[PDB]
């Protein structure tokens, strides 16, 4: 072939299309029974396929400017234009998040059809054994035979959800060719609480609060879910990429309001209501009960509360420090932080600086998006950028 791509996911199929459209004869190999398994299950089966605000600040990397070039060369609109062209209903939800109306599968079907038109060859349920450099490019050995190619594209994703065929193949190939690998971790993952915290929040399983999840300078406002394993909801998932074991996150419940103010207002205006009943006018019932207990104010009358006491109560709700036991790991993470070091890669090409004809695209790379369509957009953009050069 002129081009062999490992992994028929978001980045791989995009690259395929662009290289097939250039008349380049391309072959895509994947160990799965079906292409784009993550696409398929993503955005709750709807696929949050991009985000209108996609830009360098929405990604974590060791070199923050690395993604600048690809992102500008392939924008959310460009992908939207592609979807509309295939009659795929889409809409925005919150925070710039674009979803399909019908199902993630429309997108798979689409990429598929685009590949068929571009002349690319797809081989599924095919495992990779080795890759060797050759005087002429590369040879890859597979459970189905061997292929030679001038260009080889590593588009095999990251470590999240092993059950779906996630592997670290990309990292093994990077190291094999001497490319550094930025240390990887489960990201956009729920966070665990220890048996004691879980006992204390015993009765709050199922509550869902509007909240800021803060770690130092990073803050996200979205739902926080309390479960029997601990903390999830989009705000946890976001901050989970910034947090590290041993550390505290700070939760601001009902972040747009000032609870101390409210409570003093209710104090004059009514006065003779129980504390937990005043809180229940502000928070879901179970949370109200919880915060009134912890503070030892249950059944106490709102008018008997000093200012100092109210401030402390508010503070317990709006500056709530939690120290997570850990993360739930790769069986539950949406994304892998870290990956093939960017410094070793051509920003406008995706090609290994040290190894002509070798390319790394998509999530396997040390560019990691916030939750909200940013990861798919990076997959798109970098697949596209490689597809122009490959």
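Positions refer to the first chain, counted from 1.
- 373-381 and 19-27 differ in mean CA B-factor, and the higher of the two is recorded for 19-27.
- Taking the mean C-alpha B-factor of each stretch as recorded, 298-306 and 252-260 are not equal, and the higher mean is that of 298-306.
- Out of 99, 79, 220, 138, it is 138 whose C-alpha atom has the highest B-factor in the PDB entry.
- The PDB entry gives the largest Cα B-factor of the residues 360, 330, 49, 66 to 66.
- Remark: residue 90 belongs to the lowest third of its chain, ranked by C-alpha B-factor as recorded.
- Residue-level temperature factors show residue 289 in the highest third of its chain, judged at the C-alpha atom.
- When all modelled residues of the chain are sorted by CA temperature factor, residue 247 is found within the highest third.
- In the PDB entry, a CA B factor belonging to the middle third of its chain's modelled residues is recorded for residue 73.
- Per-chain ranking of the deposited C-alpha B factor places residue 272 in the highest third.
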